[PDB]
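Given as structure tokens, the chain that follows is alone and in the form deposited in one PDB entry.
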């Protein structure tokens, strides 16, 4: 089996965090264990929400149970939105130990920090997490999925073009991860302003022992709606597809993105049908269960360009 330790948020209603990542990965045959970092009624995008949060001591306690039972052996660790520094610090110590047990362990990290909605975006998490991500998390990460804003904060350099983005990706590689994917863009696109850019870069040592790097690009059609959990789903699927195609970033990224496409298209349709009228957050909840078939064998609806 292939074991994944996913430490993310949980909601009763809806799909974000572990709710967005668990079903798909289970459907794909992964033994995914879910540590819920928070338990809320629904995501914070709704008008109302209530719930509890897990603290760093409780996380450590849970890991103790696993350790005591000699069940602290994983192939992958997967994290995303993290709200607290001591929690993030604990996540770091846990990954560090799991990597000692298994040096081949792959840590997939979605470095959630914030986004843009003008020019100079804003953060979604305490600023004191940035230094921890820079000095502790990223260095341990093997695969990261920052958006442009996050790539800039992590690298400490702004991005105004594709070449600058690639330079940032090289900087991020030097910080630690062999696979870097700047998930969202807003860089010029030959197809217009209705498209966003996805850039991916993967460094690996081939059979002959040569260290090479593969770079790809995708121009994805934007959507006129605010979805939640897509980044969590993107990271989970990237994990799954790079696992299946370890030396082919292109195919891995094309399947990840296509899976997202099918889920979002189905979600958009159902959302509209449930009215007209801008759908509510509830109606825009990802149609995960209904996308089982697309998750298993996604029809490739987009092709990446080689860089």
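For clarity, a rigid core is taken as the largest C-alpha set superposing within 1.5 Å between two forms. Positions refer to the first chain, counted from 1.
Keep in mind that the form deposited in another entry is not shown, yet the notes after this line are about it.
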_Superposed on the rigid core, does the Cα of residue 209 end up 2 angstroms or more away between this form and the one not shown?_
yes
_Core-aligned CA displacement of residue 103 at least 2 Å between this form and the one not shown_ = no
*Would the C-alpha of residue 119 be classed as shifted by 2 Å or more between this form and the one not shown after rigid-core alignment?*
yes
*Relative to what we see here, could you say if residue 209 and residue 252 have their Cα atoms closer or farther apart in the other form, with a change of 3 Å or more?*
farther
*Direction of Cα pair change residue 209-residue 73 in the other form, magnitude 3 angstroms or more*: farther
